[PDB]
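Observations on chain architecture
Listed below, chain by chain, are the residues.
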There are 4 protein chains.
Amino acid sequence: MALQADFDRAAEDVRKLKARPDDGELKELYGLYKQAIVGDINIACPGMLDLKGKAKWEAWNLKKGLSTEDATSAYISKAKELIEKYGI
Amino acid sequence: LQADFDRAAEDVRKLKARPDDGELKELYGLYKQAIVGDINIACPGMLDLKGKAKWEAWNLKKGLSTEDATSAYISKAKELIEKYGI
Amino acid sequence: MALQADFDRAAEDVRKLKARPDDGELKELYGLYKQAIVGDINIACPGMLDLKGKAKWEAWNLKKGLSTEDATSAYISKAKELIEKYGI
Amino acid sequence: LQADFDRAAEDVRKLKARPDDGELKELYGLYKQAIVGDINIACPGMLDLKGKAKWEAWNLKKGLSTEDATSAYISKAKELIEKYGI
């Protein structure tokens, strides 16, 4: 019950911050809060476990708006970088 | 450029070691953007950045007991209070 | 080019409807419009191909808010229905 | 109720034929709601009903040529105009 009280106080006190925590800090705070109060997520969110598909979308979405030419140019530079690093 | 792209795309198959995950992501993203262009549909949720972030954040803590998660929240909250002030 | 013109006219004329088409009609209209102008969807949207996971979420989400008792009661009636239909 | 649920859940494993998809969905949804309760997280996108509907609608037409999709759009549009009026 000591922990419960300290949790209740921490949760309200973090509302008083004089500056906004960065994204990763807000994620850690949120994750812990839910896990503490709710426990494990209780359903497999479709796709969320599709790590390959998510990675491809994220990777490709990052390049949204790059023209054909600029994406082609960049691919070559990246490929050359990996070839230099690892060898062929 | 086209010829250099075709050669680079084939040559990268010859690598003597597997690039790390971030390296493969950058290569894949550029390859698709080059050959295909913009993704042509809004993938449901994928643009739901708030919802995605919450799921990732919370999924990372899968398996922590109530007590450990409670204890850790308090430490994190106190950590943020020390860092930013109240 | 005859088809293109008829498409352009149909697409603008459907805006003039005196009543809103039902959901399935709007879906068919939208699907055809995109397929005509854009072609195939060009990325696998994570999860969207996870048909098992999507079906479970949809099935369970439909029951959101049912109390334990009412969901338990209903499960039994449903199970009894399937047992009567198919046999055991 | 609990006992009747436990018996029903086991007995439905004994079915002599596989229920259709909608039947399995209803059974599954009720089972989870009974044992687990409400889904405890908003699954990204799943609540994006507009985006989901668009993807489903468009995915259904995967593989139609430009011409066939164009021709069919016109027929559908004319169909809706005849039905609802303009």
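Residues numbered from 1 in each chain as written, not as in the entry; some residues may be left out. Chains lettered and ligands numbered in written order. Heavy atoms only, no water. Residues with missing side-chain atoms left out of burial classes, pairs and counts.

As named in the PDB entry, chain B is Acyl-CoA-binding domain-containing protein 7, taken from Homo sapiens. UniProt annotates chain B under Sequence similarities with the comment "Belongs to the ACBD7 family." (UniProt positions renumbered as here; feature names shortened; annotations may be inferred.)

As annotated in the PDB entry, chain A carries the name Acyl-CoA-binding domain-containing protein 7 and is attributed to Homo sapiens. Here is the UniProt Function comment for chain A, exactly as written: "Binds medium- and long-chain acyl-CoA esters." Looking at the Sequence similarities heading of the UniProt record, one finds this comment for chain A: "Belongs to the ACBD7 family."

**Some details on the packing of helix α1 (residues 2-13) of chain A against helix α4 (residues 66-84) of chain B**
Two quantities define a packed helix pair, namely the angle between the axes and the distance from one axis to the other. Relative to each other, α1 of chain A and α4 of chain B sit at 35 degrees, their axes nearing to 9 Å. For the element pair α1 of chain A and α4 of chain B, the recorded crossing hand is left-handed. Contact residues: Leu3, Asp6, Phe7, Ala10, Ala11 and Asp13 of chain A in α1 of chain A; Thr70, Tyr73, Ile74, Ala77 and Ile81 of chain B in α4 of chain B. Residue composition of the contact of α1 of chain A with α4 of chain B, grouped by class: 8 nonpolar, 1 polar and 2 charged. (Axes fitted to C-alpha atoms, helices over the stretch in contact; angles between N-to-C directions. Helix = DSSP H or I, 4+ residues; strand = E, 2+ residues; numbered from the N terminus. Left-handed = near helix turned anticlockwise from the far one by under 90°. Contact = heavy atoms within 4.5 Å. Nonpolar A, V, L, I, M, F, W, Y, C, P; charged D, E, K, R; others polar.)

**Focus: the UniProt feature "domain: ACB" in chain A**
As annotated in UniProt, the feature "domain: ACB" corresponds to residues 3-88 of chain A in the numbering used here. Taken as a whole, residues 3-88 of chain A contains 65% helix and 0% strand, while its terminal C-alpha atoms sit 57 Å from one another.

**Re the interface of chain C and chain D**
Contact residues are listed per partner, giving 57 residues for chain C and 57 residues for chain D. Counting residues per element, the side of chain C that touches chain D draws most heavily on helix α4 (residues 68-86) of chain C, which supplies 12 residues. When grouped by side-chain class, the residues that make up the side of chain C that touches chain D number 31 nonpolar, 8 polar and 18 charged.

**Overview of the UniProt feature "binding site: an acyl-CoA" in chain A**
Mapped onto this structure's residue numbering, the UniProt feature "binding site: an acyl-CoA" falls at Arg15, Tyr30, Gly31, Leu32, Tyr33, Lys34, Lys56 and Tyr75 of chain A. What stands out for the annotated residues spanning 61 residues is how far apart their C-alpha atoms range, the widest pair being 44.9 Å apart. Look past the residues within four positions of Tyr33 of chain A in its chain and what remains in contact with it is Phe7 and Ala11 of chain A together with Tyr73 of chain B.

**Section: the state of the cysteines**
Between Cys45 of chain A and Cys43 of chain D runs a disulfide, and the two sulfur atoms are separated by 2.1 Å. Where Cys45 of chain A bonds to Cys43 of chain D through sulfur, the torsion about that S-S bond is close to -60 degrees, and the disulfide is left-handed. Of this pair, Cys45 of chain A sits in the loop between α2 (23-37) and α3 (51-61) while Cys43 of chain D sits in the loop between α2 (21-35) and α3 (49-59), each in a different chain. (Disulfide = S-S within 2.5 Å.)

**As for the UniProt feature "domain: ACB" in chain B**
UniProt annotation of "domain: ACB" refers to residues 1-86 of chain B when read in the numbering used here. Between the end C-alpha atoms of residues 1-86 of chain B the distance is 56 Å, and the span holds 64% helix and 0% strand.

**Looking at the packing of aromatic side chains**
On the basis of an interplanar angle of 50 degrees and a centroid distance of 4.8 Å, the ring pair of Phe7 of chain A and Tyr73 of chain B is categorised as tilted. Of this pair, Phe7 of chain A sits in helix α1 while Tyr73 of chain B is found in helix α4, placing the two residues in two different chains. Relative to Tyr31 of chain D, the ring of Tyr75 of chain C has its centre 5.8 Å away and its plane inclined at 55 degrees; by these criteria the two rings are tilted. In this pair, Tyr75 of chain C sits in helix α4 while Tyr31 of chain D sits in helix α2, so the two residues belong to two different chains. Within the aromatic cluster, the residues linked to one another by ring pairs are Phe7 and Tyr33 of chain A together with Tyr73 of chain B. Positioned above the aromatic ring of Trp58 of chain D, the side-chain terminus of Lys34 of chain C is 5.2 Å from the ring centre. (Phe/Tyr/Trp six-rings, centres within 6.5 Å; stacked < 30°, edge-to-face > 60°. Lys NZ or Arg CZ within 6 Å of the ring centre and 35° of its normal.)

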